[PDB]
């Protein structure tokens, strides 16, 4: 039993990683799944596709590396954080598509909450802001949408779950229905204090206690999978965290004050707040993180819905680039957006604007503006956003980040990185590997099964490939922000209710 295996269920792709005692990545496997947009502002996913893509990779990784089930010390699970799922207990057949995190359909409802005045309750018990972002709404919506539901849900013939959940469920064959705290913290049906399903909540959204799973800790054994190979040979499942949290962990930010920014589908900057929860005064999120070994901790989170995803759209949608010619490629061909600004409200906004009507937009178009400027402009949106939240965190946190700890594909983008640094007017530290996410789950489940005893051992696995120090001055720096901001406003409240 020499390997930990991590299931990394992205927003965009299912991943699988093999890592050794040395916490090395032995092998990886990636499967993309369809981004479903039933309609503008909507985003779905096929549970099956998820499942399928994730199971398959899981196999592939082993496959490829001659590794046999029986060397799999255990399995860690990390996932895309809010997308909701509902399916028939008996069958396990979804009553409906996955309603992913970015999907803005709830919105309305959110207004009702708004209107009924739970701002506070919610915020004060969930740490959450009112948004279409979170599971609660989703669930409901489903229920509502799908006829018999509630009633059947009442007889819990119907089940609820986030991705970690669903996965597991499937890996165990119904055997186990569970989530972990990190995940649970985002449903907006779960008290992050009490640490239980929030009655009032369920009450409100009117969700059967019956469909929710057992919340558990991020590292622990929740069960096991049979994936053939040697007969009656099973694999323990013992790690579970929100991709975002999974990262902070892999990042070894197990101590309050430690923060990171993940450059993925969205930007996700989290700060450990130790064992203490932190109210956000700057429309930030307050949630559940991992203790130095997956215990309960807290964090401050800055959620930016549109980040690599951005990049991905210039590619697959705008078709303005390829896997051949990088965003960086071009971006660097010009020396500026030419005044251009991109506002990736592709999904509405969020931290800290938390608009759900704000929509994607370009500004400051000139006769001579080209792709490149566009490209770049895009690329910069990221840094921008980041800044926002960043700044915000300080506020809330009360801590100046002196350098930035980053992770996620995007971070490979030297340009971006630089800019980020400039723009921040802060060094930015780019590590050896961006899999921190997977690491985390690795770590986690690994820990949970002794594979490792503690982050200690691997305090030194962490390598700073590069650091970027600002090269722009306040003035300037403070200037561009200006437009960015200018722009930003222009995008909001776009969509019609």
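Numbering follows the first chain given and starts at 1.
**Student:** Pick between 19-27 and 481-489: the one whose mean CA B-factor in the entry is higher.
**Tutor:** Higher mean C-alpha B-factor in the PDB entry: 19-27.
**Student:** Out of 453-461 and 440-448, which stretch has the higher average CA B-factor listed in the record?
**Tutor:** Here the higher of the two C-alpha B-factor means belongs to 453-461.
**Student:** Could you tell me which one of 277, 383, 221, 314 shows the highest CA temperature factor in the PDB record?
**Tutor:** Answer, based on the entry's C-alpha B-factors: 277.
**Student:** According to the Cα B-factor stored in this entry, which of the following is highest: 119, 164, 131, 210?
**Tutor:** It is 119.
**Student:** Within this chain's modelled residues, let me know which third the CA B factor of residue 32 belongs to: lowest, middle or highest.
**Tutor:** Its C-alpha B-factor, which the entry lists for residue 32, ranks in the middle third among residues of this chain.
**Student:** Ranked by Cα temperature factor within the chain, is residue 62 in the lowest third, the middle third or the highest third?
**Tutor:** For residue 62, the deposited C-alpha B-factor lands in the lowest third.
**Student:** Where does residue 346 sit by CA temperature factor within its chain: lowest, middle or highest third?
**Tutor:** Answer is lowest: the recorded C-alpha B-factor places it there.
**Student:** Using the B-factor values recorded in the entry, state whether the Cα atom of residue 157 falls in the lowest, middle or highest third among the modelled residues of its chain.
**Tutor:** Ranked within chain, residue 157 CA B lands in the highest tercile.
**Student:** If you rank every modelled residue in this chain by C-alpha B factor, which third holds residue 52: lowest, middle or highest?
**Tutor:** For residue 52, whose C-alpha B-factor we compare with every modelled residue in the chain, the answer is the lowest third.
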